[PDB]
Structure formats: C-alpha cells, structure tokens
4 protein chains.
Amino acid sequence: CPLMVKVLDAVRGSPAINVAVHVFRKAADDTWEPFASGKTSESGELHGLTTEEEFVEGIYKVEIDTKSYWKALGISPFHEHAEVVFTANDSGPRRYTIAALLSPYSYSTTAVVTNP
Amino acid sequence: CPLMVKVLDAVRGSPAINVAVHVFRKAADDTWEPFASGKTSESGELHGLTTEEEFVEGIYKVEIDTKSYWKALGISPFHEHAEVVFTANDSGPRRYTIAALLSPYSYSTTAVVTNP
Amino acid sequence: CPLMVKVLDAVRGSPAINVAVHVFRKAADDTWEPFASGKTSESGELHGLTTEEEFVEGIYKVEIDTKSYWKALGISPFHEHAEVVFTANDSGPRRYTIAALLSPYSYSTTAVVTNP
Amino acid sequence: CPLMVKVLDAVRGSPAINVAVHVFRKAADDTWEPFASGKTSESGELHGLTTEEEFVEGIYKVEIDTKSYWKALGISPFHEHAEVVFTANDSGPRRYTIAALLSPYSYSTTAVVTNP
Ligand SMILES: Oc1nc(Cl)c(Cl)cc1Cl
Ligand SMILES: Oc1nc(Cl)c(Cl)cc1Cl
Ligand SMILES: Oc1nc(Cl)c(Cl)cc1Cl
Ligand SMILES: Oc1nc(Cl)c(Cl)cc1Cl
Ligand code: NA
Ligand code: NA
C-alpha cells in the first residue's frame with residue numbers, strides 16, 4: 001500500500017464511509033490521466049489503489065468526491081470536491097497517506113509520508 | 001485591539017454569532033483569573049476585550065462556549081468548550097488574533113500575530 | 001467584493017503575503033477558463049477580483065500557489081497548489097470569502113458566505 | 001481501548017512521536033483529578049490509557065502537551081498545550097479516538113466516537 005486515503009466526518013464524529021476517490025496522474029501531454037479509483041470502507045479508509053510497480057514518479061491528483069458524499073446524506077454542501085495535488089516518489093519510493101476531515105462548508109487535508 | 005477573537009461555523013459557512021468568549025490570565029498561584037469577556041458580533045468577531053496597558057506578558061486562556069452555540073442551533077456537539085492557551089510575549093508582534101473554526105465534533109484554532 | 005480570498009500561515013502565525021491566486025470559471029466544454037487573479041496583500045487578503053455583474057452562477061476554481069510561497073521561505077512543501085472548487089449560487093448569500101490556512105504538509109479551507 | 005489519542009505533525013508530514021498526553025476527570029468538587037497519562041508512539045498513537053471498567057461517565061480533559069513537543073524539536077510555538085474537554089459515556093460505553101493535527105501556530109482536533 002504505497003497510497004492510502006482516509007476520510008473523517010466532523011459533523012457526525014465518525015469515519016466518512018462510501019466516499020468516492022479518483023486518482024489521476026499528469027501525462028506527458030500535461031493532461032490528467034485516470035490512474036486509480038475506489039471508495040472508503042466502514043473505517044473511512046481506502047486501501048489497494050495501486051502497487052509499488054505501478055506507482056511511479058509523477059504528479060498525482062487525488063480527487064475526493066465530497067459533494068457526492070454530502071448529497072448522498074441529503075445535505076447541500078459548498079465544495080464540488082477536494083483535490084490534493086502532489087509530486088510523488090521523486091526521491092525513490094515512499095508510502096503516502098492522504099487524510100481529509102470534512103464539514104459541509106470546510107475541509108482539511110494532510111499528508112503522512114514514510115520511507116519503507 | 002491587542003487581542004481579538006474570531007469564530008467561524010464550518011457547517012453553515014458563516015460567522016459564529018453571539019458566541020460567549022471568556023478570557024483568563026494565569027495568576028501567580030496557578031489559578032485562572034477572569035480577565036475579559038464578551039459575545040461575538042454579527043461578523044463572528046469580538047473586539048475591545050482589553051488595552052495595551054492591561055495586556056501584559058503572561059499566560060492567557062481563551063474559552064469559547066461552543067456547546068451553547070451548537071445547542072441553540074438544535075445540534076448536539078462533542079466538546080464542552082474550546083480552550084486556547086498561550087503566552088503573550090512582548091518580543092513578538094503586537095496584535096493577536098485568535099481564530100477558531102467550529103464543527104460539531106471538531107474545531108481548529110490558529111493565531112495571527114502581526115505588527116501594525 | 002462578491003469574492004474575496006484570505007490566506008494564513010500556520011507555521012509563522014501570520015498572513016500569507018504575496019501569494020499568487022488564480023480564479024477560473026468552468027466553461028460549457030468542461031475546460032477551466034481564466035477569470036481573475038492577483039496576489040495576496042500584507043493582510044493575506046485579495047480584494048477586487050471581480051464584480052457582481054461578472055460573477056454569475058457557475059462552477060469556479062480558486063488555485064492558490066502554495067508551493068511558491070513555501071519555497072520562498074526556504075521550506076520544501078508537499079502540495080503543488082491548493083485548489084478550491086465550488087458552485088456560486090444566487091439563492092444563497094451574496095458575498096463569498098474563501099479562506100485557506102497553510103502548513104507545509106497540510107492545508108484547510110473554509111467558505112464564509114454572508115449577506116451585507 | 002475505550003480511549004485513544006492520535007497526533008500528526010503538519011510541518012513534517014509525519015506522526016507526532018513522543019507527545020505527552022495527560023487526561024483528567026472532573027471530580028465531585030469540580031476540580032480536575034488526574035486520570036491517566038502517556039506518550040505517543042512511533043505511529044503517533046497512544047493506546048492503553050484506561051479500561052472499560054475505569055472509564056466511567058464523566059467530564060474528561062485530554063491535555064496534549066504541544067509546547068513540550070515543539071520545544072523538544074527546538075522550535076518556539078504559540079500555544080501552551082491543546083485541551084480537549086468532553087462528556088463521555090453518558091449514554092453507555094463508547095470508544096473515543098481524539099485526533100490532533102499540529103503546527104507551531106495552529107492545531108486542529110476531531111473526535112471519532114463509535115459504539116462497540
Ligand atoms: O488513523 C488515522 N490516520 C490519520 Cl492520517 C488521521 Cl488524520 C486520522 C486517523 Cl484516525
Ligand atoms: O482551521 C482553520 N482553517 C481556516 Cl481555513 C481558517 Cl481561516 C482558520 C482556521 Cl483555525
Ligand atoms: O479574518 C478571517 N476570515 C476568515 Cl474567513 C478566516 Cl477562516 C480567518 C480569519 Cl482570521
Ligand atoms: O484537522 C484535521 N485534519 C485532518 Cl485531515 C485530520 Cl485526519 C484530522 C484533523 Cl484534527
Ligand atoms: Na529524482
Ligand atoms: Na445518562
């Protein structure tokens with residue numbers, strides 16, 4: 001698991017379950033190419049997006065579909081989604097956890113980067 | 001003012017209005033002495049708490065009555081209050097803004113310390 | 001202004017000054033069109049981006065050049081930029097403040113939407 | 001583990017290791033009685049503070065010693081500590097995770113409450 005996403009709900013005090021996440025990687029022509037996608041589990045975690053072999057150097061975009069999450073709960077939120085954009089693996093392989101804390105008009109994101 | 005407090009609501013995307021705020025100063029016997037208090041305005045801001053003459057170096061505590069705020073909106077929150085404890089230092093810049101961003105099960109706080 | 005952007009620095013406890021901000025509007029073909037831009041002032045604020053006449057309903061993206069900000073302080077940051085994507089809706093209140101709080105490996109953003 | 005504390009460092013993009021945490025419980029005479037203490041591990045987590053039997057109903061204060069953490073790293077931070085104050089177990093036993101994200105002039109805290 002070189003790439004993991006974890007999402008929490010600041011209104012309910014709970015993991016954010018069933019949040020859709022789409023990952024893109026910037027291509028040689030400067031467009032965002034689809035790279036991996038999934039949804040958070042009952043623990044708010046999304047595991048298994050990619051592998052060490054496939055997760056090469058690049059600029060990645062992790063799109064967290066916060067609007068779909070809030071609307072599936074019947075609430076009207078402010079943001080369309082949360083985008084986390086970063087260069088990965090430029091000094092060799094690392095393990096990345098992208099965490100997000102969600103409210104209807106606010107979110108926070110942080111990264112935990114470790115060296116295996 | 002040397003000290004200003006600003007409170008925001010992450011659920012509704014609005015200032016947090018009519019929130020009670022109490023400021024205390026640590027006394028020599030390690031107890032908290034009342035220092036100043038008020039309620040946030042329509043902009044979420046509380047001005048006029050103290051003066052330069054009165055705001056000497058020391059340890060201060062800002063207590064924000066977040067539980068009453070959420071209950072008046074019909075929401076059951078997690079925290080009893082939000083407390084911000086810091087040292088005022090004359091070497092640093094002269095004006096302190098204590099900002100807090102509120103959700104039912106979370107809050108964040110940051111200090112903006114500037115010189116006019 | 002109908003749209004204002006404010007950026008704060010969580011490491012130094014200060015406004016984030018001279019941060020580049022680009023605003024885009026989603027066009028009918030799903031591409032991002034340049035809409036407005038500027039640099040934050042000494043207060044961390046960027047005023048005057050647009051007018052009521054120009055700021056019609058639609059999807060907007062605010063891109064904050066956080067990577068350049070940290071590099072000019074001699075700090076290597078995680079994110080390429082911070083992006084805030086939202087729908088402007090005439091039914092809601094009239095003035096939007098997009099606030100962001102920056103650290104090298106995290107950021108938060110909140111929307112304060114008010115009526116004068 | 002009915003009570004767990006997790007702490008992250010937003011400057012380093014890492015767990016906050018070796019953070020001291022003191023938990024207090026409000027006594028019948030309205031004072032804060034020491035309840036449990038410990039320090040975060042290499043994963044930023046603090047396990048084993050208490051037991052189901054001992055973690056009765058009450059108002060608890062979780063004090064996270066952020067100043068000692070930053071100073072042990074040679075940095076001068078703003079806050080003395082972070083205090084998280086909440087009523088626990090008022091509707092029967094629950095499991096509580098208190099999470100905190102730290103920067104020198106800012107912190108965020110959230111709670112995850114689950115029913116075993
Ligand atoms: O396990 C976890 N990991 C991270 Cl990174 C956060 Cl922010 C929160 C939790 Cl509970
Ligand atoms: O957590 C926070 N986030 C933002 Cl965006 C602001 Cl302006 C202030 C705080 Cl304390
Ligand atoms: O003036 C301010 N405005 C906003 Cl919107 C935030 Cl989040 C924080 C501050 Cl200090
Ligand atoms: O402010 C915060 N932000 C994030 Cl992303 C997590 Cl996981 C936890 C907290 Cl307290
Ligand atoms: Na390289
Ligand atoms: Na009860």
# chains A, B, ... in the order shown; residues from 1 in each chain; ligands from 1

call {"tool": "closest_atom_pairs", "arguments": {"of": "chain C", "to": "ligand 3", "cutoff": "6 Å", "atoms": "only C-alpha atoms and all ligand atoms", "output": "JSON lines"}}
result
{"residue": "C:97", "atom": "CA", "partner": "ligand 3", "partner_atom_place_in_ligand_line": "5 (Cl)", "distance": 5.7}
{"residue": "C:99", "atom": "CA", "partner": "ligand 3", "partner_atom_place_in_ligand_line": "5 (Cl)", "distance": 4.8}
{"residue": "C:110", "atom": "CA", "partner": "ligand 3", "partner_atom_place_in_ligand_line": "7 (Cl)", "distance": 5.9}
{"residue": "C:112", "atom": "CA", "partner": "ligand 3", "partner_atom_place_in_ligand_line": "5 (Cl)", "distance": 5.5}

call {"tool": "write_last_selection", "arguments": {"atoms": "C-alpha atoms", "output": "mmCIF file, in the first residue's frame"}}
result
data_model
loop_
_atom_site.group_PDB
_atom_site.id
_atom_site.type_symbol
_atom_site.label_atom_id
_atom_site.label_comp_id
_atom_site.auth_asym_id
_atom_site.auth_seq_id
_atom_site.Cartn_x
_atom_site.Cartn_y
_atom_site.Cartn_z
ATOM 1 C CA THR C 97 -14.892 34.616 1.403
ATOM 2 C CA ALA C 99 -10.145 31.248 3.421
ATOM 3 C CA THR C 110 -13.454 27.185 4.594
ATOM 4 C CA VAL C 112 -17.784 32.214 4.714
#

call {"tool": "residues_near_ligand", "arguments": {"ligand": "ligand 4", "cutoff": "7 Å", "atoms": "only C-alpha atoms and all ligand atoms", "output": "PDB file with C-alpha atoms, in the first residue's frame"}}
result
ATOM      1  CA  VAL A   7     -11.603  10.432   5.371  1.00  0.00           C
ATOM      2  CA  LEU A   8     -13.366  11.588   8.557  1.00  0.00           C
ATOM      3  CA  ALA A  99      -6.160  12.220   5.107  1.00  0.00           C
ATOM      4  CA  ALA A 100      -9.177  14.525   4.935  1.00  0.00           C
ATOM      5  CA  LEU A 101     -11.566  15.924   7.546  1.00  0.00           C
ATOM      6  CA  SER A 108      -8.819  19.957   5.880  1.00  0.00           C
ATOM      7  CA  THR A 109      -6.240  17.673   4.300  1.00  0.00           C
ATOM      8  CA  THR A 110      -2.860  16.433   5.468  1.00  0.00           C
TER       9      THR A 110
ATOM     10  CA  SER B 106     -14.068  19.112  15.724  1.00  0.00           C
ATOM     11  CA  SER B 108      -9.377  24.206  14.765  1.00  0.00           C
TER      12      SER B 108
ATOM     13  CA  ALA D  99      -7.071  13.115  16.972  1.00  0.00           C
ATOM     14  CA  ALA D 100      -4.942  16.247  16.666  1.00  0.00           C
ATOM     15  CA  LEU D 101      -3.045  17.863  13.790  1.00  0.00           C
ATOM     16  CA  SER D 108      -6.968  21.045  14.821  1.00  0.00           C
ATOM     17  CA  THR D 109      -8.738  18.368  16.837  1.00  0.00           C
ATOM     18  CA  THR D 110     -11.521  15.946  15.991  1.00  0.00           C
TER      19      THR D 110
END

call {"tool": "interface_residues", "arguments": {"of": "chain D", "to": "chain B", "cutoff": "12 Å", "atoms": "only C-alpha atoms", "output": "VMD selection string"}}
result
chain D and resid 31 58 to 67 76 to 90 96 to 113

call {"tool": "write_last_selection", "arguments": {"atoms": "N, CA and C atoms", "output": "CSV table (one decimal), in the first residue's frame"}}
result
chain,number,residue,atom,x,y,z
D,31,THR,N,-12.9,20.0,40.7
D,31,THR,CA,-11.6,20.1,40.3
D,31,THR,C,-11.2,19.0,39.3
D,58,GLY,N,-18.3,10.8,32.9
D,58,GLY,CA,-17.7,12.0,33.5
D,58,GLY,C,-17.4,13.0,32.4
D,59,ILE,N,-16.9,14.1,32.9
D,59,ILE,CA,-16.3,15.1,32.0
D,59,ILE,C,-14.8,14.9,32.1
D,60,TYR,N,-14.2,14.7,30.9
D,60,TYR,CA,-12.8,14.5,30.8
D,60,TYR,C,-12.1,15.6,30.0
D,61,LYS,N,-10.9,15.8,30.4
D,61,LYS,CA,-10.0,16.8,29.7
D,61,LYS,C,-8.8,16.0,29.3
D,62,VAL,N,-8.5,16.0,28.0
D,62,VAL,CA,-7.3,15.5,27.4
D,62,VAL,C,-6.4,16.6,27.0
D,63,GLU,N,-5.3,16.7,27.7
D,63,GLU,CA,-4.3,17.8,27.6
D,63,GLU,C,-3.2,17.2,26.7
D,64,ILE,N,-3.0,17.8,25.5
D,64,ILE,CA,-1.9,17.4,24.6
D,64,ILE,C,-0.8,18.4,24.8
D,65,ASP,N,0.4,17.9,25.2
D,65,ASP,CA,1.5,18.9,25.5
D,65,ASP,C,2.3,19.3,24.3
D,66,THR,N,1.6,20.2,23.5
D,66,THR,CA,2.1,20.6,22.2
D,66,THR,C,3.4,21.5,22.4
D,67,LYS,N,3.4,22.3,23.4
D,67,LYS,CA,4.6,23.2,23.6
D,67,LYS,C,5.8,22.3,23.9
D,76,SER,N,10.0,27.3,18.7
D,76,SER,CA,9.2,28.1,19.6
D,76,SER,C,7.8,28.2,19.1
D,77,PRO,N,6.9,27.4,19.8
D,77,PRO,CA,5.5,27.5,19.3
D,77,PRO,C,4.6,28.5,20.1
D,78,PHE,N,3.4,28.7,19.6
D,78,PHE,CA,2.5,29.6,20.2
D,78,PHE,C,1.7,29.1,21.4
D,79,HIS,N,1.1,28.0,21.3
D,79,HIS,CA,0.2,27.5,22.4
D,79,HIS,C,0.9,26.8,23.5
D,80,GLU,N,0.4,26.8,24.7
D,80,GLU,CA,1.0,26.1,25.8
D,80,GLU,C,0.7,24.6,25.6
D,81,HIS,N,-0.5,24.3,25.2
D,81,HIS,CA,-0.9,22.9,25.0
D,81,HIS,C,-2.3,23.0,24.3
D,82,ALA,N,-2.8,21.8,23.9
D,82,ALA,CA,-4.1,21.7,23.4
D,82,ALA,C,-5.0,20.9,24.4
D,83,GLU,N,-6.2,21.5,24.7
D,83,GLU,CA,-7.1,20.9,25.7
D,83,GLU,C,-8.3,20.4,25.0
D,84,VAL,N,-8.7,19.2,25.1
D,84,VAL,CA,-9.9,18.7,24.5
D,84,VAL,C,-10.8,18.2,25.7
D,85,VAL,N,-12.0,18.9,25.9
D,85,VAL,CA,-12.8,18.7,27.0
D,85,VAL,C,-14.2,18.2,26.5
D,86,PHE,N,-14.7,17.1,27.1
D,86,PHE,CA,-15.9,16.4,26.6
D,86,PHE,C,-16.5,15.6,27.7
D,87,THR,N,-17.8,15.4,27.6
D,87,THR,CA,-18.5,14.4,28.4
D,87,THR,C,-18.4,13.1,27.7
D,88,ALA,N,-18.1,12.0,28.4
D,88,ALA,CA,-18.0,10.7,27.9
D,88,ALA,C,-19.0,9.7,28.6
D,89,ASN,N,-19.5,8.8,27.8
D,89,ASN,CA,-20.2,7.6,28.3
D,89,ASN,C,-21.5,7.9,28.9
D,90,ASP,N,-22.1,9.1,28.6
D,90,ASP,CA,-23.4,9.5,29.2
D,90,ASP,C,-24.6,8.6,28.7
D,96,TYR,N,-13.7,6.2,22.1
D,96,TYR,CA,-13.3,7.5,21.7
D,96,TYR,C,-11.9,7.6,21.1
D,97,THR,N,-11.8,8.1,19.9
D,97,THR,CA,-10.5,8.5,19.4
D,97,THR,C,-10.4,10.0,19.3
D,98,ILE,N,-9.4,10.6,20.0
D,98,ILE,CA,-9.1,12.0,20.0
D,98,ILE,C,-7.9,12.2,19.1
D,99,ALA,N,-8.1,12.9,17.9
D,99,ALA,CA,-7.1,13.1,17.0
D,99,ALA,C,-6.7,14.6,17.0
D,100,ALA,N,-5.4,14.9,16.7
D,100,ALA,CA,-4.9,16.2,16.7
D,100,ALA,C,-3.9,16.4,15.6
D,101,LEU,N,-4.0,17.5,14.8
D,101,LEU,CA,-3.0,17.9,13.8
D,101,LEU,C,-2.4,19.2,14.2
D,102,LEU,N,-1.0,19.2,14.3
D,102,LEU,CA,-0.3,20.2,14.9
D,102,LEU,C,0.6,21.0,13.9
D,103,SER,N,0.6,22.3,14.1
D,103,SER,CA,1.5,23.2,13.5
D,103,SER,C,2.0,24.2,14.6
D,104,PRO,N,3.1,25.0,14.4
D,104,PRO,CA,3.5,25.8,15.5
D,104,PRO,C,2.6,26.9,16.0
D,105,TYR,N,1.8,27.4,15.1
D,105,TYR,CA,0.8,28.5,15.5
D,105,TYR,C,-0.6,28.0,15.3
D,106,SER,N,-0.9,26.7,15.2
D,106,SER,CA,-2.2,26.3,14.9
D,106,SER,C,-2.4,24.8,15.3
D,107,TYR,N,-3.6,24.4,15.7
D,107,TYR,CA,-3.9,23.0,15.7
D,107,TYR,C,-5.3,22.8,15.5
D,108,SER,N,-5.6,21.5,15.1
D,108,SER,CA,-7.0,21.0,14.8
D,108,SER,C,-7.2,19.8,15.7
D,109,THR,N,-8.4,19.6,16.1
D,109,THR,CA,-8.7,18.4,16.8
D,109,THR,C,-10.1,17.9,16.4
D,110,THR,N,-10.2,16.6,16.3
D,110,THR,CA,-11.5,15.9,16.0
D,110,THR,C,-11.7,14.7,16.8
D,111,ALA,N,-12.9,14.3,17.0
D,111,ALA,CA,-13.3,13.1,17.7
D,111,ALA,C,-14.0,12.1,16.8
D,112,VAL,N,-13.6,10.8,17.0
D,112,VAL,CA,-14.3,9.7,16.4
D,112,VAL,C,-14.9,8.9,17.5
D,113,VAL,N,-16.2,8.8,17.5
D,113,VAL,CA,-17.0,8.1,18.6
D,113,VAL,C,-17.7,6.9,18.0

call {"tool": "residues_around", "arguments": {"residues": "residue 44 of chain A", "least_positions_apart": "4", "cutoff": "9 Å", "atoms": "only C-alpha atoms", "output": "MDAnalysis selection string"}}
result
chainID A and resid 5:9 14:19 39:40

call {"tool": "atom_distance", "arguments": {"atom1": "atom CA of residue 48 of chain B", "atom2": "atom CA of residue 24 of chain B"}}
result
15.1 Å

call {"tool": "select_by_dssp", "arguments": {"residues": "chain C", "states": "strand (DSSP E)", "output": "PyMOL selection string"}}
result
chain C and resi 3-9+14-15+20-26+32-39+45-46+58-64+79-88+95-103+106-114

call {"tool": "closest_residue", "arguments": {"among": "D:13, D:116, D:2, D:38", "to": "ligand 1", "atoms": "only C-alpha atoms and all ligand atoms"}}
result
D:13

call {"tool": "decode", "arguments": {"residues": "segment 22-72 of chain C", "atoms": "C-alpha atoms", "output": "PDB file, in the first residue's frame"}}
result
ATOM      1  CA  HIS C  22      -5.822  32.332  -9.896  1.00  0.00           C
ATOM      2  CA  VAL C  23      -9.574  32.047 -10.329  1.00  0.00           C
ATOM      3  CA  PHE C  24     -11.121  30.039 -13.172  1.00  0.00           C
ATOM      4  CA  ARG C  25     -14.698  29.515 -14.340  1.00  0.00           C
ATOM      5  CA  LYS C  26     -15.879  26.242 -15.811  1.00  0.00           C
ATOM      6  CA  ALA C  27     -16.838  26.709 -19.459  1.00  0.00           C
ATOM      7  CA  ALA C  28     -19.547  24.821 -21.330  1.00  0.00           C
ATOM      8  CA  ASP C  29     -16.973  22.413 -22.811  1.00  0.00           C
ATOM      9  CA  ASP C  30     -15.803  21.475 -19.261  1.00  0.00           C
ATOM     10  CA  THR C  31     -12.471  23.316 -19.534  1.00  0.00           C
ATOM     11  CA  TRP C  32     -11.288  25.881 -16.986  1.00  0.00           C
ATOM     12  CA  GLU C  33     -11.291  29.453 -18.278  1.00  0.00           C
ATOM     13  CA  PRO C  34      -9.205  32.148 -16.656  1.00  0.00           C
ATOM     14  CA  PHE C  35     -11.473  34.511 -14.732  1.00  0.00           C
ATOM     15  CA  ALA C  36      -9.401  36.670 -12.355  1.00  0.00           C
ATOM     16  CA  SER C  37      -6.106  36.653 -10.490  1.00  0.00           C
ATOM     17  CA  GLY C  38      -3.841  38.569  -8.162  1.00  0.00           C
ATOM     18  CA  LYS C  39      -1.500  38.347  -5.181  1.00  0.00           C
ATOM     19  CA  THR C  40      -2.453  38.498  -1.504  1.00  0.00           C
ATOM     20  CA  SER C  41      -1.720  41.760   0.302  1.00  0.00           C
ATOM     21  CA  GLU C  42       0.129  42.378   3.579  1.00  0.00           C
ATOM     22  CA  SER C  43      -3.062  41.295   5.384  1.00  0.00           C
ATOM     23  CA  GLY C  44      -3.173  37.977   3.498  1.00  0.00           C
ATOM     24  CA  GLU C  45      -6.238  39.197   1.606  1.00  0.00           C
ATOM     25  CA  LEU C  46      -7.005  39.522  -2.079  1.00  0.00           C
ATOM     26  CA  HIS C  47      -9.788  42.020  -2.812  1.00  0.00           C
ATOM     27  CA  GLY C  48     -11.168  43.326  -6.076  1.00  0.00           C
ATOM     28  CA  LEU C  49     -11.107  40.082  -8.058  1.00  0.00           C
ATOM     29  CA  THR C  50     -14.497  40.558  -9.701  1.00  0.00           C
ATOM     30  CA  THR C  51     -17.795  42.456  -9.690  1.00  0.00           C
ATOM     31  CA  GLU C  52     -21.400  41.413  -9.128  1.00  0.00           C
ATOM     32  CA  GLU C  53     -22.122  41.885 -12.832  1.00  0.00           C
ATOM     33  CA  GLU C  54     -19.318  39.498 -13.793  1.00  0.00           C
ATOM     34  CA  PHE C  55     -19.681  36.837 -11.080  1.00  0.00           C
ATOM     35  CA  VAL C  56     -22.620  34.856 -12.470  1.00  0.00           C
ATOM     36  CA  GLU C  57     -23.752  31.430 -11.235  1.00  0.00           C
ATOM     37  CA  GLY C  58     -21.458  28.603 -12.206  1.00  0.00           C
ATOM     38  CA  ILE C  59     -18.594  26.447 -11.061  1.00  0.00           C
ATOM     39  CA  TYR C  60     -15.400  28.269 -10.055  1.00  0.00           C
ATOM     40  CA  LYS C  61     -11.924  27.106  -9.099  1.00  0.00           C
ATOM     41  CA  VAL C  62      -9.590  29.099  -6.854  1.00  0.00           C
ATOM     42  CA  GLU C  63      -5.963  27.952  -7.215  1.00  0.00           C
ATOM     43  CA  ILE C  64      -3.535  29.143  -4.535  1.00  0.00           C
ATOM     44  CA  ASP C  65       0.188  28.855  -5.408  1.00  0.00           C
ATOM     45  CA  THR C  66       1.238  27.434  -2.057  1.00  0.00           C
ATOM     46  CA  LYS C  67       4.372  25.733  -3.419  1.00  0.00           C
ATOM     47  CA  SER C  68       5.998  29.053  -4.406  1.00  0.00           C
ATOM     48  CA  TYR C  69       5.058  30.564  -1.052  1.00  0.00           C
ATOM     49  CA  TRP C  70       6.861  27.861   0.956  1.00  0.00           C
ATOM     50  CA  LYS C  71       9.855  27.730  -1.358  1.00  0.00           C
ATOM     51  CA  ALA C  72      10.424  31.461  -0.918  1.00  0.00           C
TER      52      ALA C  72
END
